[PDB]
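Counting starts at 1 for both ligands and their atoms, following the listed order. So you know, we letter chains A, B, ... as the sequences are listed, proteins then strands, and number each from 1. As a basis for the values below, the full set of heavy atoms in this structure was taken, side chains included, without hydrogen atoms, waters or symmetry mates.
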Amino acid sequence: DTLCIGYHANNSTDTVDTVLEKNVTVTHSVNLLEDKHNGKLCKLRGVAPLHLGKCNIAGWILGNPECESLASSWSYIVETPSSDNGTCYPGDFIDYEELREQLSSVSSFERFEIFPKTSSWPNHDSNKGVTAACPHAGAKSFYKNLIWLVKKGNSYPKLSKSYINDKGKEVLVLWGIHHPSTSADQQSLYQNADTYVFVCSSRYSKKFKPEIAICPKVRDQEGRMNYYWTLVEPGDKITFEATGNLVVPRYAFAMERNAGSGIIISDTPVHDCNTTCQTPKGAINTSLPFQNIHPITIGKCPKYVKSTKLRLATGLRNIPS
Amino acid sequence: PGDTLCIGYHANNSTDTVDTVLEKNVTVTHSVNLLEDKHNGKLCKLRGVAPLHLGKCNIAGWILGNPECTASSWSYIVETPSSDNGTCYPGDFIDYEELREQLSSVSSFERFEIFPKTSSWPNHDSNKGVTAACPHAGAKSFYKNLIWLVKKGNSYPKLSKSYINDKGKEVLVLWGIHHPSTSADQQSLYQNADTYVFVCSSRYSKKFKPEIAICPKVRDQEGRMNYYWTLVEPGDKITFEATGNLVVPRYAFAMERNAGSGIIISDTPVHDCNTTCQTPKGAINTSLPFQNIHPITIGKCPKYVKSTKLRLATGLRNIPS
Amino acid sequence: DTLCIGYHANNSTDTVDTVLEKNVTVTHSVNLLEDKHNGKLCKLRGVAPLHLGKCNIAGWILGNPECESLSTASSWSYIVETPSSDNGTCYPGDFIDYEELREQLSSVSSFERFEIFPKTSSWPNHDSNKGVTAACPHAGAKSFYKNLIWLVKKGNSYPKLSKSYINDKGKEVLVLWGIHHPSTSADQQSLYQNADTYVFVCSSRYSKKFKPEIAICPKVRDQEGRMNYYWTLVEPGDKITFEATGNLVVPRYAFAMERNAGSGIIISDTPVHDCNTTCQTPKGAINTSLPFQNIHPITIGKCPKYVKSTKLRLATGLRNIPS
Amino acid sequence: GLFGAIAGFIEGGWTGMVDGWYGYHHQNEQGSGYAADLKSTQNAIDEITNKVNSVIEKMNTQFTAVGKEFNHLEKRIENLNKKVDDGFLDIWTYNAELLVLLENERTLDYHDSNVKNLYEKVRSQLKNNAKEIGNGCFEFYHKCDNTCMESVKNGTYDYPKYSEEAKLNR
Amino acid sequence: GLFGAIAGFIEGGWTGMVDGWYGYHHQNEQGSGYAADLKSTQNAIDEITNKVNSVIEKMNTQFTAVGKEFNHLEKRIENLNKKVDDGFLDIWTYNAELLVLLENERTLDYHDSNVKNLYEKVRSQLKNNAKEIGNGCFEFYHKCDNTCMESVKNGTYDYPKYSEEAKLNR
Amino acid sequence: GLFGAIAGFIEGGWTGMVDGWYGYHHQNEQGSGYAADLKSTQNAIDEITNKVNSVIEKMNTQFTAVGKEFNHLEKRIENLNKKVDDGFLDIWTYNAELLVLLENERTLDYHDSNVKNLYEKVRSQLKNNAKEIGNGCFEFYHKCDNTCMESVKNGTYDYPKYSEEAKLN
Ligand SMILES: CC(=O)N[C@@H]1[C@@H](O)[C@H](O[C@@H]2O[C@H](CO)[C@H](O)[C@H](O[C@]3(C(=O)O)C[C@H](O)[C@@H](NC(C)=O)[C@H]([C@H](O)[C@H](O)CO)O3)[C@H]2O)[C@@H](CO)O[C@H]1O
Ligand SMILES: *[C@@H]1O[C@H](CO)[C@@H](O[C@@H]2O[C@H](CO)[C@@H](O)[C@H](O)[C@H]2NC(C)=O)[C@H](O)[C@H]1NC(C)=O
Ligand SMILES: *[C@@H]1O[C@H](CO)[C@@H](O[C@@H]2O[C@H](CO)[C@@H](O)[C@H](O)[C@H]2NC(C)=O)[C@H](O)[C@H]1NC(C)=O
Ligand SMILES: *[C@@H]1O[C@H](CO)[C@@H](O)[C@H](O)[C@H]1NC(C)=O
Ligand SMILES: *[C@@H]1O[C@H](CO)[C@@H](O)[C@H](O)[C@H]1NC(C)=O
Ligand SMILES: *[C@@H]1O[C@H](CO)[C@@H](O)[C@H](O)[C@H]1NC(C)=O
């Protein structure tokens, strides 16, 4: 008569490493490394992203004619790696990264006409401000959100327009400063020759002088146009004053910025799915603590590691014999 | 019938529990907490040196000597969350966050009259430079550390003024540039109309020109005043030149900067206590490795964690039965 | 007749700590802490550093007369300045985005100096042969940066200048120039004739207008005037254009380069050697499989992690009980 | 292993014992076969589940974007950001790898401990009345029917009951 | 659990033994009572104290002012800074939580080991001069007065002295 | 120690046994001497070196240039950079220190375990034909020569072949 003490063994081939010995076959185990994703760009916090298609943020916020995309809210922004469509008229976009970052997630967004075109500029020409650098259906055109003002009937009066923010939230205001290639063009566009532009709120204040020189052609333009922006706080006023060279605001955006999100640049399609962790390669749906999909993630994510295998033993050494 | 000797372990009335990797809520006979969760609700000396407390003012107001606002050294700076505006005359304080950072902790700090008011400006008026934007006791006034020089008897000669740093330590120098709202104001203050200011040390060099414009009224000013600063190395010289629009240094500050600390913005009261770790909510006596009081700390602190309890078992499982 | 089961002991006095007990003598142990370096600056990833001698990055790149101008390898894995490197911007002024440039030059896989604007043929209407100064002395004589030319008026006029460079080099070209700010109006006229001047520099991406700022500043290397230095990278196929009516210190030599990723700048007297390393320290290179090191926090390469530990004795044998 | 039993003096495992992790193999008149000790098994199952859940659930991470965009004149800060990302990567990689190595050894010790404990629980009960024939087995010096076995497993083996018979077969 | 003594074959602890972690209860002709073993208790106290001080004192903290101030055009670097604080937050939270869970399990095992060793050290002395009656108790086959008891507690037990009397009561 | 052998019931070690970590000392009519157990010594060496190699090879770091240069007006980011380096310093210094303290304990316990399992291995062989005389020693209730003495060291000892001789002693 015998009584024996013993332990289980099964048909398992799963292997784990221990500190003392590598490749121990065990009866049961679990994976701690999430290595799957869904190859989709999905919603975050239930909120879809802003997909800009073939356009970049600059082209979209300025109103590049090529950028008639479609929301009042977004969790993050998506640009495609092949998104050229932005500053069609060449020049410097000041603090562009900062703006991109600050627009990365908004809880409320509203485009309004801050300086109505039909009524704001009686002493200036607001119809001839177009260029082949910014075509619309092959035709000369310009940013939809700004107006390139030029002299009217051989005169460019000193303009002075102020706007008071009665929106009850931050208003994003963008404008341009045009620099002709020649004194000849300066006179043709603005008459005056030696001009200035002044923008100031209660916070913001900067003076601009045209910088006239022949620069290397870009999209066939030897001239330059620099783009500027600011956020006018509720109740604050912003004032524009110019004697030439000012590319006035037409549309501005009232908004409530949301904590801080990010910008994904990927060809990965968007779908009607939901996630808590987003990767440029697809969403991660895991309860696991570690992940080796992508280091650049947005949301509440597992930690990125360069592990290929993170397998925890649960059972014991498998020795069927 | 036998005599007996039994081997056993301690139990007691202890209700302390701990978690282990294998089982939750295990009652143990003895334990210690690894998590510090208590603070003294006071702002104390760090390294035995008191913080600088700015009362109702902010660094700008304090350092410029705003009329509304004796420590030769401090370990950090405290501002209350509802501190008054430092700059009374509206404008931009250039590299403001940097200056704050660089003043966060100093040893040796001495305000001295760099350009004595009595003898420095024989050809300009150093009395009439007061303003409704910086009121004091029902009277127009101005910063105590600067002088708003204006023309004397319809003339504003070129001014040229230099200081050599013989303090044996860094000298902080602050000045202002005034940008009137109109040409009339320009001439009324400085006579000259087209002016410049130049400030250069061996390391610093900048030229300023007034940018006349009507900006939104702030404390009744449509004009603006920008504030600048630089740190003059020992033995170096700083020069000021101007034909108008220069708000000149009156008092400067000799200081030795420490590696630096930070600025605590809080209504928590300062007290004559000692600590090695300061929090905006209060000080913590660092013995333990971890701390859940506040992620923003100054000093030699325990690491911040999101933990509610880190109970370390010292004794054994408590089984009184 | 007895048989005993037992364990090893020896003469060793190696000691280790455990969570439970301190100074436990053991039979065998190993250190997990790398505390040795070789006391040399080595080739990283097979490539020598660029050692700047008595010059800093500014003096070297501008061609301070004391620096050795290429020469300079066509590649390097990092840069070494000595703590005593004295020769930089000999004519006093601001070097714009200097730290950015230093970082961007720290590691290069290709680097070639070439005469972007030949001294003799480029400036028919201006004087390209007088731009020297006591601030930048050489073999006991006034001199200047080798890679720039201080253009001055010819005879008694300074015609409007206009000159471009189109990048045919097949890779990024680093172009540097200066803007001179005389101490007085007298000097402005003495040098440039024109009293009110401007400089303009633009490419497809860069654009900046410069305006001379005449003032008498504190004397540095005998100069009350100032000279500010600027730079930009001209991508392949693009053109950079210079326009001036005075005050422009024109490029003479520029640099065709292919930059790598990271790397950094070591400032040290530690001798450079023909040794190879994967981890470099300002005080010597690290050669170790160990995961931790206490040599230096500032390292370049694939390095062990820096810790403040003094020893990290790992037990391999058992408690040593010779009794 | 640390406790000597598994892959030790108990050299191999029982595929036959499909009902649990640890158990017994009994043999006598009436029959024989494998039977897992459901008490120690379930206990071990609960405890290991808690282990696995601790490693997972103690990871509660902040909401973070990670990605940053810097221009051509922000190389230094672009590389600072890269150092942060890479520092976090080296830390979490080393930590995840070692956690698994270390805790895998612990888990194997744990199973070994559970078995050893079963084995000694039987040993302290039987004493004389049985032969410790090694390899994890005990040979009884007395007849041990089903309810006798069950008793040994249940920890209520009546030593005196079989004392007499036991001595005699010795 | 790991060593089988605590909450194992010795089912419960003793509120009556209030001067140590591990000790004995004796019962003889002269009387009965509790007595902590001072050797094993102090050694444990020393070692558990060393454990706590190690987890504490190995935390060399740098002087750091965590806080930073950024203006409205510095959100990218403000967010990098946030990423840094949040990265250390998750790293320290997870490791501290696991350190505690893991060291706690080790601490209990340590005590369980200490008790197990104490029991088997007595058992090795007494040999067959007493019977293991379970629950951590030995019942002597011979008379064991105070001095006899105290000699078992402090290792200086004289087995051959009671050999004769022992063999009788079996 | 955890397993109560090393510095436990086997009070001390043997300087005389130089060819291994664990082993035997025999003493019969013929002679005496020390002899390491090769199979248990080699496994421990296989496992300990694997433990050393694991702690080392799991550290596979990124190519990094740690240093940064910031000017006199970039103090904030310079201190941010400083907070990053110091944060990694504290994380790695702590982890390294505790890794060592904890694994050193485990290693010493590991040896303790190996010795105990070897002792209980031979006690499992000599069953009734020997007496545990303490301090890790067995005294044969019979007479054991060199050939027999090697049977116990290899796990081939023959109990029933001595059972009768020992029953009388
Ligand atoms: C062989 C020859 O002489 N060909 C010219 C041909 O170059 C010229 O085209 C004009 O070239 C000028 C440069 O000198 C500009 O590039 C003009 O482009 C536009 C533009 O599309 O951007 C035309 C546009 O209508 C203008 N918009 C406004 C609001 O004025 C702008 C604008 O003036 C500039 O961008 C400001 O710098 O320029 C381009 O038409 C044609 C046209 O006259 O004549 C040929 O003889
Ligand atoms: C001076 O201080 C006042 C507060 O005493 C500032 O008022 C705040 O303005 C900021 C935006 O600039 C808001 O974020 C706060 O909500 C305002 N406080 C409230 C509730 O009134 C004011 O901006 C400061 N003025 C100047 C000249 O800077
Ligand atoms: C390079 O640095 C050296 C010093 O290391 C400079 O040499 C000095 O130059 C001044 C000015 O002419 C002389 O008065 C000194 O006698 C020199 N000192 C030495 C050590 O010789 C030199 O000027 C620098 N050259 C450049 C172009 O920067
Ligand atoms: C404050 O504490 C520090 C040490 O922590 C000491 O140097 C200093 O003297 C103390 N001051 C007082 C008032 O105790
Ligand atoms: C690293 O060390 C090995 C010996 O451990 C030596 O042979 C080799 O040359 C060293 N490598 C370098 C490049 O320092
Ligand atoms: C198991 O033990 C319990 C007491 O713990 C007892 O009541 C029960 O009858 C036992 N079962 C068997 C089969 O002996």
Within the side chain of [X], is there an N or O that forms a donor-acceptor pair under 3.5 Å with the backbone of [Y]?
{"X": "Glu74(E)", "Y": "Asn71(E)", "value": "yes"}
{"X": "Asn58(B)", "Y": "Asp84(B)", "value": "yes"}
{"X": "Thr61(E)", "Y": "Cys301(B)", "value": "yes"}
{"X": "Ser181(A)", "Y": "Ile214(A)", "value": "no"}
{"X": "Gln187(A)", "Y": "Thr182(A)", "value": "no"}
{"X": "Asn226(B)", "Y": "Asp92(B)", "value": "yes"}

Return the residue, atom name and 0.1 Å-rounded distance of the protein heavy atom closest to [atom].
{"atom": "atom 1 (C) of ligand 2", "value": "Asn85(B) ND2, 1.4 Å"}
{"atom": "atom 29 (C) of ligand 1", "value": "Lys128(A) O, 2.9 Å"}
{"atom": "atom 22 (O) of ligand 1", "value": "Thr131(A) OG1, 2.5 Å"}
{"atom": "atom 32 (C) of ligand 1", "value": "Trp148(A) CH2, 3.7 Å"}
{"atom": "atom 17 (C) of ligand 1", "value": "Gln221(A) OE1, 4.8 Å"}
{"atom": "atom 14 (O) of ligand 1", "value": "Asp185(A) OD2, 4.7 Å"}
{"atom": "atom 6 (C) of ligand 4", "value": "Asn274(B) ND2, 4.2 Å"}
{"atom": "atom 7 (O) of ligand 4", "value": "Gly48(B) CA, 4.9 Å"}

Please indicate, with yes or no, if any protein heavy atom is found under 4.0 Å from [atom]?
{"atom": "atom 11 (C) of ligand 2", "value": "yes"}
{"atom": "atom 44 (O) of ligand 1", "value": "no"}
{"atom": "atom 15 (C) of ligand 2", "value": "no"}
{"atom": "atom 7 (O) of ligand 1", "value": "no"}
{"atom": "atom 10 (C) of ligand 4", "value": "yes"}
{"atom": "atom 2 (O) of ligand 4", "value": "yes"}
{"atom": "atom 36 (C) of ligand 1", "value": "yes"}
{"atom": "atom 26 (C) of ligand 1", "value": "yes"}
{"atom": "atom 23 (O) of ligand 2", "value": "no"}
{"atom": "atom 39 (C) of ligand 1", "value": "no"}
{"atom": "atom 18 (N) of ligand 2", "value": "no"}
{"atom": "atom 4 (N) of ligand 1", "value": "no"}
{"atom": "atom 3 (C) of ligand 2", "value": "yes"}
{"atom": "atom 26 (C) of ligand 2", "value": "yes"}

Please state whether the rings of [X] and [Y] are parallel, tilted or perpendicular, taking 30° and 60° as the class boundaries.
{"X": "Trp175(A)", "Y": "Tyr228(A)", "result": "parallel"}
{"X": "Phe142(A)", "Y": "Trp148(A)", "result": "tilted"}
{"X": "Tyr156(A)", "Y": "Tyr190(A)", "result": "perpendicular"}
{"X": "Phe109(A)", "Y": "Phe253(A)", "result": "parallel"}

- Message: Can a side-chain donor-acceptor contact be found between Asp238(C) and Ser204(C) if the only test is distance below 3.5 angstrom?
- Response: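 Their side chains do contain a donor-acceptor pair, which is all the 3.5 Å distance test asks for.
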Please identify which atoms of ligand 1 are closer than 4.0 Å to at least one heavy atom of [X].
{"X": "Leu189(A)", "value": "28 (C), 30 (O), 36 (C)"}
{"X": "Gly129(A)", "value": "29 (C)"}
{"X": "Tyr89(A)", "value": "34 (C), 35 (O), 36 (C), 37 (O)"}

- Task: Please say whether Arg203(A) places an N or O atom under 3.5 Å from an N or O atom belonging to ligand 2.
- Result: no
- Judging by distance only, is a nitrogen or oxygen of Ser83(B) under 3.5 angstrom from one on ligand 2? no
- Message: Does only the side chain of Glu222(A) get under 4.0 Å from ligand 1, or the backbone, or both, or neither? Count heavy atoms.
- Response: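 Looking at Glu222(A) and ligand 1, no heavy atom falls under 4.0 Å.
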- Item | ligand 1 contact on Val130(A) by region, counting heavy-atom pairs under 4.0 Å |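 Within the 4.0 Å criterion, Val130(A) contacts ligand 1 through backbone atoms alone.
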- Which atoms of ligand 2 have any heavy atom of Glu233(A) under 4.0 Å away? 11 (C), 12 (O)
- ligand 4 N/O within reach of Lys45(B) N/O, cut-off under 3.5 Å: no
- Message: Run the side-chain contact (heavy atoms from CB on, under 4.5 Å) test on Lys161(A) and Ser120(A) for me, step by step, so that the C-alpha distance in whole Å, both residues' side-chain angles and the decisive distance to 0.1 Å come before the verdict.
- Response: CA-CA 8 Å; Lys161(A) 207 79 181 182; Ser120(A) 298; 4.2 Å; yes
- Nearest candidate to atom 21 (O) of ligand 1, where distance is taken over non-hydrogen atoms, out of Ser141(A), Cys134(A), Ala132(A): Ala132(A)
May I ask you to check whether over 12 heavy atoms, not counting those of [X], lie within 6.0 Å of atom [atom1]?
{"X": "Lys158(A)", "atom1": "NZ", "value": "no"}
{"X": "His136(A)", "atom1": "NE2", "value": "no"}
{"X": "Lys128(A)", "atom1": "NZ", "value": "no"}
{"X": "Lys206(A)", "atom1": "NZ", "value": "no"}

- Task: Verify side-chain hydrogen bond (donor to acceptor under 3.5 Å, both in side chains) between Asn127(A) and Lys117(A), making sure each step is shown before the conclusion.
- Result: CA-CA 9 Å; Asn127(A) 282 310; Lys117(A) 177 179 183 305; 2.8 Å; yes
- Sub-4.0 Å heavy-atom contact, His178(A) with ligand 1: yes
- Contact with ligand 1 for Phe142(A), non-hydrogen, under 4.0 angstrom: no
- Query: Do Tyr89(A) and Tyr227(A) have their ring centres less than 6.0 Å from each other?
  - Reply: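 When the ring centroids of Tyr89(A) and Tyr227(A) are compared, they turn out to be at least 6.0 Å apart.
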- Query: Taking the six-membered ring of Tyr198(C) as reference, does the NZ or CZ atom of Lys209(C) fall below 6.0 Å from its centre and within a 45° cone about the axis?
  - Reply: yes
- Would you please test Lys45(B) and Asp272(B) for salt bridge (charged side-chain N to carboxylate O under 4.0 Å, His left out) and show each step? CA-CA 7 Å; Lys45(B) 310 181 174 186; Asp272(B) 179 36; 3.5 Å; yes
- Query: Quick one: does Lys140(A) get an N or O within less than 3.5 Å of an N or O on ligand 1?
  - Reply: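 Min N/O separation from ligand 1 is below 3.5 Å for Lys140(A).
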